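Here we start with a single chain on its own, the form solved without the ligand, put down as structure tokens.
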């Protein structure tokens, strides 16, 4: 992929490669997302979950949520990519986290971006102001948060009011990744991803991590593509066979539009090439990424 990257850069063909991918991308029915009754459960009329991979709420009322299960078989990791919840779907969103047994939530957007609301304020900002979602009977409380220069890690307590159970949910919020944009640098991106990895949120012992931005495809796709590619090059006899474009197409079989710009695709290569340094044997890179990320 490194020789690929150079040749692509050299030829100034990113937009061409990326466009080929959009052309080859799977096209699956999204009937349920399109039902008349779910119009208000969709943030963007053009971003919908495929029927075969959509996450189903365990409610007879209406089991719909704009969320997709990206099940990467070879990499042995699953991710749920969903849109930034709407004012009326925050209860659904947390019902999904409970039901799917997720341990962590990765937010890659801010609620307001470029003067526009891109996602509801679905978690409490103040410990004393917990949130109650009456429709799904859940309760969410902020226990503590650890704010860094470009991301914030929150410790939340989700309580299922019906069953009296409590679970700790880790919220990993990347606050400076712009819409249709790319992280500041590969190190800052990788320092964030590895933070998520180290927390244990991505382990098979837990349900799929929930990843989202505003539409749940651009930034979310980038994050997931890099993570998956890094797992692949660590599992394969030949760490060089990993084809980023092929992996992305694999992911697009579960949710549409993953990776929204040719530059986000380029950034994914950069991110994976650098991350490979850790995969291939040198753990020191991690410590180096933290320095370059300047989280303090």
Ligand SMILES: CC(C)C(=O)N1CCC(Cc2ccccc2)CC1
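Numbering follows the first chain given and starts at 1.
Annotation for 74-82 versus 161-169: the higher mean temperature factor (C-alpha) is found in 161-169. When the mean C-alpha temperature factors of 182-190 and 138-146 are read from the deposited coordinates, 182-190 comes out higher. Between the residues 156, 213, 105, 202, it is 202 that shows the highest Cα B-factor in the PDB record.
Note on the listed residues 241, 228, 53, 42: the highest Cα temperature factor in the record is that of 241. When all modelled residues of the chain are sorted by CA temperature factor, residue 124 is found within the middle third. Residue-level temperature factors show residue 88 in the lowest third of its chain, judged at the C-alpha atom. Placement of the Cα temperature factor of residue 255 within the chain: lowest third of the modelled residues, per the deposited record.
Ranked by Cα temperature factor within the chain, residue 222 sits in the middle third according to the deposited record. Among the modelled residues of its chain, residue 206 has a C-alpha B-factor that falls in the middle third, as given in the PDB entry.
One more form of this protein should be noted, the form deposited with the ligand bound, which is absent from this view; the next part is about it.
The pocket of the shown chain is blocked, since the ligand, superimposed from its pose in the deposited complex, puts 3 or more atoms within 2.4 angstroms of backbone or C-beta atoms. In the deposited complex, the ligand lies farther than 4.5 Å from every heavy atom of residue 67.
Using a 4.5 Å cutoff between non-hydrogen atoms, residue 106 does not count as a contact of the ligand in the deposited complex. Although the partner is absent from this view, residue 193 contacts the ligand in the deposited complex, with a non-hydrogen atom inside 4.5 angstroms.
Although the ligand is not shown here, in the deposited complex the stretch 217-249 places heavy atoms of just one residue, 230, within 4.5 Å of it.
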